[PDB]
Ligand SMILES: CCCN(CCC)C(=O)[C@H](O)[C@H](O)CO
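Quick setup: one chain, the form solved without the ligand, written in structure tokens, and binding and motion questions come after.
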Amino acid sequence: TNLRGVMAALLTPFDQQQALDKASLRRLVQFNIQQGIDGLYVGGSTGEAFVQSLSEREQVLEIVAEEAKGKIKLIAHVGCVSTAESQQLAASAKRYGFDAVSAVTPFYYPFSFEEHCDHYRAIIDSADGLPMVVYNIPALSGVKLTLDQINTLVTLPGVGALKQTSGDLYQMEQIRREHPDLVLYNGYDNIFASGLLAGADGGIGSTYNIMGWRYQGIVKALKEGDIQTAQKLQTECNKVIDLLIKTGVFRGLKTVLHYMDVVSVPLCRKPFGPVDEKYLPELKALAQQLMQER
């Protein structure tokens, strides 16, 4: 119930030699707090966790909890393929003072659903009271959950939310219908208004980094019966999303954060390549415009 809301998928700022840029991480953490964000989702896919070591991920959970613990909600994405490695991160989450833990369906190899459940159970054990945020992610990983299976995942003792990273809003409504109390995060930014309409009660997203007030603006708008306002705001979010998909989403976002003075050097880690120099005009212009809106 306290995990309900709009939660930024925190990006990982890197210095010129691809190491963790501490000062930029803190500025980005604070930049997000200033936006009226309800929380931070730290070390997810978005934070480039799958190109960081366990110690590099752990250094972030630390530096972020130090910056923002108590001021806004904090969810530690601890997911790895290896259960054991995930269990270490869950244990470090419980130390640093996070409010919750999360884990992507373990990927790369074919694991049965029953292996998934035992994977989450072991991380719930190592989490030590922290609620778990489960994934329904039939895309990036490559698995295909049904609906009885989803009911089993979300009612595993110790599970307190679902990150529904799917554009299937029939499935969303079904979830909400079965679990009226469930904390239920809309995972895809470019359908957020429709996802809340179908059953979600918040979201986790990467683009919240640069326009989080617009998502909070949509929440308010639908809450107040202002449907034209919700649509107009979502259309503004998608205008930004069209661009970012063209430029590469994480690097496009870091670059917009560079023109906003928050992130010193906009780089993603290799094998991600640079933002194509031809998109710099549009991106600085977007930063300008988003700076004009506050």
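We number the residues from 1 along the sequence you see.
Not on display, but discussed next: the form deposited with the ligand bound.
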Checklist outcome for this item: Only hit among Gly202, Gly212, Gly187, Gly79 for heavy atom within 4.5 Å of the ligand in the deposited bound form is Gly187
Checklist entry - Since exactly one of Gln88, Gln216, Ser194, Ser206 fits, which has a heavy atom within 4.5 Å of the ligand in the deposited bound form? => result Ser206
Checklist entry - Is there a heavy atom of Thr165 lying 4.5 Å or less from a heavy atom of the ligand in the deposited bound form? => result yes
Next on the checklist: I'd like to know whether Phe250 contacts the ligand in the deposited bound form, with contact meaning heavy atoms within 4.5 angstroms.
Outcome noted: yes
